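Okay, so here's just one chain, in C-alpha cells, the form deposited in one PDB entry.
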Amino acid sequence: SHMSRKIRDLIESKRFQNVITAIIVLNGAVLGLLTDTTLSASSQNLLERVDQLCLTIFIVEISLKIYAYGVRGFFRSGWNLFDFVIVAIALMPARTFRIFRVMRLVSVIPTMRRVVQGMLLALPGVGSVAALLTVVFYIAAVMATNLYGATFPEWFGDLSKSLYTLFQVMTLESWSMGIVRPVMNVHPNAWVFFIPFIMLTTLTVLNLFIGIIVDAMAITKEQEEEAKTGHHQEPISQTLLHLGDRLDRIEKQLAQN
C-alpha cells in the first residue's frame, strides 16, 4: 500500500511533529487565556473557536495514524492509546479539564517521552520502599486518631484527617508551631510520637525519591542512546566479563601452545 506508506512517512516526519507541537502549544495558550474572567463575549467566542479548531486538527491527526498503522498497530503503543483517550474524551457531552490536552507535549516530543518512560520504569524498583512508607503512614494515622482525635478533632478527629496532617508534618510545614506545640499543651509527651515519625518518614521519602531519580536517569540515558545509535552502552560488569573470556582464550593457547 503506497498510500498508507506515504501517510505513515508524513506522520513520522519532523515537520508533522513540529506542526502538531505548535497546535498543542496554541491550544494550551487559548485555554490559559480563557481562565481570564474579564474577557468580552466576542473574545471568549473567538478563543473557544480556536479550541474547537485545535481539537479537530488532533482528530484528523489521530485518524490518519489509525489508518496508516491500523487499529491493532496503533493501539499496541501506550502513547498512542494515551493520545486517543485525551482526544476521544473531548467528544463526550453530558470532562471540564481540557488543559490536560497539553500533556500531549510529553507524548509527541520523544526526548520528553523518554523522561516519563524512565520515571515510570523506575517505579517497580522502589515499590517495597513506597509500601514501607505507606505502612508507616497507616500505623501512624491510626495511632494519632486514637491518641489526639478527641482533643484535636480538626487535625486528628478521623483517619482521613490524621493522614492529611501527618503528610503536612512529614513535609515539615508548621509541624511544630502549628501542630506539635499546640498538641503538647494538652499531651506533654506527644514529641515522643511526632519526632520519630518525622525522622523515619523524611528518611524513607528521601530514599524513595533518590531511588527513583537514580534509576530513572540511567534508564532515560539508555533509551536516548538507543534512539540515536540503535544500541545502548553495555554495563561495566559485562565489559569485564568479555575481557575474562578473552583472557581464558589466551590462557588456552599458552598451556597448549
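By rigid core we mean the largest C-alpha set that fits within 1.5 Å across both forms. In case it trips you up, residue 1 is the first one in the sequence shown, and so on.
What comes next is about the form deposited in another entry, which is not displayed.
Residue showing a CA shift of 2 Å or more between this form and the one not shown (rigid core superposed; candidates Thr229, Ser42, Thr38, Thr35): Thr229. The two forms, fitted on the rigid core, differ between this form and the one not shown by 2 Å or more at the CA of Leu243. In the other entry, the Cα atoms of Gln238 and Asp215 sit 3 Å or more nearer to each other than they do here. The gap between the Cα atoms of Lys228 and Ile109 is larger in the other entry, by no less than 3 Å, than in this form.
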